[PDB]
């Protein structure tokens, strides 16, 4: 499946629904909607499309990964807190044999608490982008573009 043939799946994990609605001062101002638009743009430039979703539920993300698996040209995923706990998410991505996956984190997890330093997703992800702000999602889109074609 190519970029032209199918969309890029963009998945966002728990609490990301509240992006840019917390402390517009300490946290950014961009919202999940601003982020999605960043993706549409980025994908468009390469003649591609995206399919942008967010969920707080472990199992629902598993379901979307299976859908991606059969119907999408790659996955850009920010597992958010499930990055550090979900073997389930990791196993679902392991079934996507041959599919480009890029993992993205808005903040530099490596500067945070020690329990965030490890990500189950990072053993399957082809690339991992961390602490590049919302710009990481564009980087994620571009990397899929390159890999997918």
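Numbering follows the first chain given and starts at 1. We call the rigid core whatever largest set of C-alpha positions still superposes within 1.5 Å between the two forms.
Put simply, when the other structures in 5 other deposited structures of this protein are lined up on the rigid core, the C-alpha atoms of 22 to 30 lie farther off than those of the other stretch, from 22 to 30 and 110 to 118. The mean Cα B-factor in the deposited entry runs higher for 24 to 32 than for the other of 52 to 60 and 24 to 32. Stretches 119 to 127 and 94 to 102 differ in mean CA B factor, with 94 to 102 having the higher one. Remark: of 19, 141, 132, 11, 19 shows the highest value [criterion: C-alpha B-factor in the PDB entry].
Highest CA B-factor among the listed residues (88, 45, 81, 37): 45. When all modelled residues of the chain are sorted by CA temperature factor, residue 109 is found within the highest third.
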